[PDB]
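Peer 1: this one is an experimental structure. Sequence first:
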Amino acid sequence: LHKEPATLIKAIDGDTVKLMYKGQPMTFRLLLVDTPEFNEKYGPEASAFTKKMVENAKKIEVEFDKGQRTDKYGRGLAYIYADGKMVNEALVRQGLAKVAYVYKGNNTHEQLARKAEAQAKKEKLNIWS
Ligand SMILES: Cc1cn([C@H]2C[C@H](OP(=O)(O)O)[C@@H](COP(=O)(O)O)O2)c(=O)[nH]c1=O
Ligand SMILES: [Ca+2]
């Protein structure tokens, strides 16, 4: 997989962010994760965690997987990095997202994500408390 440049337009919620990619505004939905909705338990904390990660980043990067790059809503599907740290994995490691929506061919980082969930679970963090 390859990391590509993007710039933050605005945080949206725990698992979607608006970025400018190849000069076009796009909503990205993070691969392999599911955060609670803002109205749900840990939803505000998830939104906060992602917002802080992307707003504080000097460099945001988009990494597409091998499969579908847009979902049925027109959202980009990618792993998003903030100064080299994957947001998708970070949310899971903190117990603020579950591994989810794992579809064959867009699952390169599935094992990394599941390993993070296991650790978050063993720690009883947030969703796992
Ligand atoms: C993460 C992801 C979501 N989706 C679609 C599946 C779900 O369809 P449905 O809307 O019919 O439930 C929706 C959930 O996204 P959200 O968790 O943002 O609601 O996004 C993909 O198709 N591929 C993906 O990789
Ligand atoms: Ca969600």
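Peer 2: Yes, it's here. Numbering: from 1, shown residues only. Ligands and ions are numbered 1, 2, ... in the order given.
Peer 1: pull the longest strand from this structure.
Peer 2: The single longest strand within the chain, with elements called by DSSP state E, is strand 4-13.
Peer 1: which strands border it, and is each parallel or antiparallel?
Peer 2: strand 16-21 (antiparallel), strand 60-63 (antiparallel) (DSSP bridges).
Peer 1: to ligand 2, which of these lies closest?
Peer 2: strand 16-21 (7.7 Å; CB to the ion). All C-beta spots, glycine's among them, are computed from the backbone N, C-alpha and C.
Peer 1: the next helix or strand after the closest one vs strand 16-21, what angle?
Peer 2: Going down the chain from strand 16-21, the next helix or strand is strand 24-30, by DSSP states H and E. Per axes from the mean of the first three to the mean of the last three CA atoms, to 10 degrees, the angle that strand 24-30 makes with strand 16-21 is 140 degrees.
Peer 1: and strand 24-30, is it in reach of ligand 1?
Peer 2: Yes. Applying CB under 6 Å from any ligand atom, one finds that strand 24-30 is in contact with ligand 1 at residue 29.
Peer 1: just the buried residues of that strand, please?
Peer 2: Within strand 24-30, the residues scored as buried using 16 or more other CB atoms under 10 Å are 26, 27, 28, 29, 30.
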